[PDB]
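Next up is one chain by itself, shown in structure tokens, the form deposited in one PDB entry.
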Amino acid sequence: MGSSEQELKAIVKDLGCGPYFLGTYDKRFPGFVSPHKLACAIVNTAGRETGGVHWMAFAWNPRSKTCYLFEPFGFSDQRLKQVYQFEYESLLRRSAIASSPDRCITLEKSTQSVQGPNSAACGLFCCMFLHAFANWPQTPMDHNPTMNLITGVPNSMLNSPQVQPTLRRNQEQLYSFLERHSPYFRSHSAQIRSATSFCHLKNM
């Protein structure tokens, strides 16, 4: 809906990921059946019946046979299972089986947070990473023009009133990056920012 509708597609499209974008999915995403092309997808932690709770990105580099998992909070698999009841165990298996000769795969997932605890900007952070992936499929997590704009923070420090200013800045940079490269974002700024604000989910 407002906090990133399934129109991360429009933005993803604007960012030039079109030739690699499989689309938006819910927890049921099967995996990658693409042993020859770069593919990427924005997956939700929940089933469509629920409406969606957390957006995350998956990317596949057949050349290096590595699968990228970018979930904005950098949560451990243990905490992913707990907080969101999500597991990407079957999709990895499928992906190795369907896309790799030796049925092996290297998983590379972020271990740091770039998003604030009360922020509803997850879907947007995924689009920014997919831009990084499309342009630098060998080093998308860091060390590239796009991701150098934001700073990762050890997950244990997510709620620390100390790194909060780094996390709000990250989001300022997010918004401006989309502003620069996305006609759709530009023509929808007020709506998107307000729908995905840094403090959007703060308790009252």
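Position 1 is the first residue in the sequence shown; the rest follow in order. Think of the rigid core as the biggest set of C-alphas that the two forms share within 1.5 Å after superposition.
Of the two segments examined, 66-74 and 153-161, it is 153-161 that shows the higher average Cα temperature factor in the deposited entry. Stretches 163-171 and 29-37 differ in mean CA B factor, with 29-37 having the higher one. In this PDB entry, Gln82 carries a Cα temperature factor that places it within the highest third of its chain's modelled residues. In the PDB entry, a CA B factor belonging to the lowest third of its chain's modelled residues is recorded for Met128. Among the modelled residues of the chain, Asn144 sits in the lowest third by CA temperature factor in this PDB entry.
Sort the chain's modelled residues by C-alpha temperature factor and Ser90 lands in the highest third, per the entry. In the deposited entry, the Cα temperature factor of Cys104 sits in the top third of values across the chain's modelled residues.
What comes next is about the form deposited in another entry, which does not appear here.
Core-superposed comparison between the shown form and the other one: the C-alpha position of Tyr175 differs by less than 2 Å.
Annotation for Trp60: C-alpha shift under 2 angstroms between the shown form and the other one, rigid core superposed. With the core held fixed, the Cα of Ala134 is displaced between the shown form and the other one by less than 2 Å.
A change of 3 Å or more separates the two forms for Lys81 and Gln112: their C-alpha atoms lie closer together in that other deposited form. Shown here is a form in which the CA atoms of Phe86 and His36 lie at least 3 Å farther apart than they do in that other deposited form.
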